[PDB]
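Before any questions on binding or motion, here is one chain by itself as structure tokens, the form deposited in one PDB entry.
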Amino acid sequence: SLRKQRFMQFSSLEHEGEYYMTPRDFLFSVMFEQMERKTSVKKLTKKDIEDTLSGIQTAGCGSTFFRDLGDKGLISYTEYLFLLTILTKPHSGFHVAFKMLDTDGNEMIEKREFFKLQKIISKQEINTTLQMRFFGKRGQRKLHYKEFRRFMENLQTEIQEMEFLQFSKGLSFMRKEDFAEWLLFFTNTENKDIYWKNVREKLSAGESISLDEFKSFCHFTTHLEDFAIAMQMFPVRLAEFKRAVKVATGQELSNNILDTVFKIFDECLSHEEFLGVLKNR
């Protein structure tokens, strides 16, 4: 299985024959396509489980959970597909799942139905970080959907921030050419040459994009259908683009981002190709 092969090539721990990632290995696995396995896979010990407890115990509960965990944590393979589906699938399906797994419409599940959720997503021994975080140190607890959904949103925020620092190349701001590089990342070579013909010559360096403006673009990405039809209503210029994004997403967008995407896609915007490139990610 290709997914499990990848999970294994990013796994640092092993026990009884089933490999485990660390939070650092998970972040590495979403952020880098490959990495040099310079060290063998050490086997799991009891200092590592106690480290799993301590890390949760001293980590932030928000957008810095996984980074604050560092190497103190464990993630099984099913939990890794689970987290992958948080980052790549819409959240309403999870609300449907919670409403089909809960007892007496309480919208709260215990640890066993969390196991069965990962079995269902999987086919489609020890206690891990997610079990200790959602449920008890000892399974004392049950996971309400509100808690779990703000966990999903926090993890998405985390991955967004680390993507920003990756394309900022460590610094606090992101030049508009690095935003253009990030937008056209999954585009093939031909179209990238056509767009880089535009950026190459008429995208200037002015302001540099903040993390919050990147996050604003990221919230605009989630309302692409409404925006797509609001565009199909149109001849489309910057005032009309800004209005269309403002009513299709509710979000005011920073002049740097609009300038960048307008000068990539050309005094009229080529929104057919713009949204074709967007929906590929």
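In this text, residue numbers run from 1 along the sequence as written. The term rigid core refers to the maximal set of C-alpha atoms that superpose within 1.5 Å between the two forms.
One more form of this protein, deposited in another entry, exists but is not displayed; see below.
Per-residue Cα shift between the shown form and the other one after core alignment stays below 2 Å for all of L44, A248, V30, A59 except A248.
With a cut-off of 2 Å and the rigid core superposed, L13 has a Cα displacement that falls short of the cut-off between the shown form and the other one. Annotation for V199: C-alpha shift of 2 angstroms or more between the shown form and the other one, rigid core superposed.
After superposition on the rigid core, the Cα atom of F214 is displaced by less than 2 Å between the shown form and the other one.
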